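Nothing in this text is a laboratory measurement; each read-out follows from the coordinates by a stated rule. A quick note on method: Cβ atoms are made from the backbone with ideal geometry, for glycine too, and the neighbour counts reach across all protein chains shown.
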């Protein structure tokens, strides 16, 4: 499941790399709002 | 905390965009592991 699998990867990532993932999720929601 | 904030955003995303976020996390981990 996508969220559970993302949690598993993120638990291994240092905070700055987790922040990239979060900021990517925020862009994806902006793009979703433009569909 | 970044993981919970990412979950919150991902819960709003359509499944293909959730997969974008998971694949972004997987990329970050491959880079972290190669550093």
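Summed over segment A:1-15, residues that are facing chain B (nearest Cβ under 7 Å) and either under 16 Å from residue B:17 (Cβ atoms) or buried (at least 19 other Cβ atoms within 10 Å of the Cβ) (or both) total 7.
Looking only at segment B:4-15, count every residue that is in a helix (DSSP H, G or I) and in contact with a helix residue (DSSP H, G or I) (Cβ under 8 Å, 6 or more places away or on another chain) and tell me the total. Give the steps one after another, and end with the answer.
In the first step, residues of segment B:4-15 are kept if they are in a helix (DSSP H, G or I); the result is B:4-11, B:15.
Now narrow it down to the ones that are in contact with a helix residue (DSSP H, G or I) (Cβ under 8 Å, 6 or more places away or on another chain): B:5-7, B:9-11, B:15.
The total comes to 7.
Just checking, how many residues over segment B:16-35 are more than 7 Å from chain A (Cβ to nearest Cβ) and part of a helix (DSSP H, G or I)?
As a first pass, look at segment B:16-35 and keep what is more than 7 Å from chain A (Cβ to nearest Cβ): B:16, B:23, B:27, B:30-31, B:33-35.
Among the residues that remain, those that are also part of a helix (DSSP H, G or I) are: B:16, B:23, B:27, B:30-31, B:33-34.
Residues in segment B:16-35 being more than 7 Å from chain A (Cβ to nearest Cβ) and part of a helix (DSSP H, G or I): 7 in total.
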